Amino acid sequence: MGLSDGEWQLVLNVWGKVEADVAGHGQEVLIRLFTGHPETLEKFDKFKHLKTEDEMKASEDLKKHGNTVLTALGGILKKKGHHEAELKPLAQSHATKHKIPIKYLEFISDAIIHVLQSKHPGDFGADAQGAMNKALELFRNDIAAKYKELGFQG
């Protein structure tokens, strides 16, 4: 499940593109998640009512939350397989009040690979897509281990 140094280099390289506009990337990721998987939308009190891509873009809160999501994920990814320190608070909040199924983690991960493909193809070739998919599977897997401790499944 671990990533090779090469795979980590592929991940960090593309994250460099996200670094320039974390909020804007986060916005596009959530929009991709919400449009492809509308049931995910139901887990956000604030966004449950945004029916359209224009409405989602018009939401300042959605963009700000997008920033929040990718800022955290950025933290995890730059730690490269020594990341459980930032995972605990993430697992804790996605498995208690919220209750976010692992499969929704998969979906946002797909949304992430999709946005990076579209926006940064020259920095996201096959191996890099492979490596990011791995980094993100590792992340879900680790969170899912913490979900059990937190007593979450359903």
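Heads up: residue numbers just count along the shown sequence, starting at 1.
Between 60-68 and 86-94, the higher mean Cα B-factor belongs to 86-94.
When the two stretches 41-49 and 103-111 are set side by side, the higher mean Cα temperature factor goes to 41-49. Sort the chain's modelled residues by C-alpha temperature factor and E149 lands in the middle third, per the entry. For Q129, the recorded CA temperature factor ranks within the middle third of the chain's modelled residues.
Remark: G75 belongs to the middle third of its chain, ranked by C-alpha B-factor as recorded.
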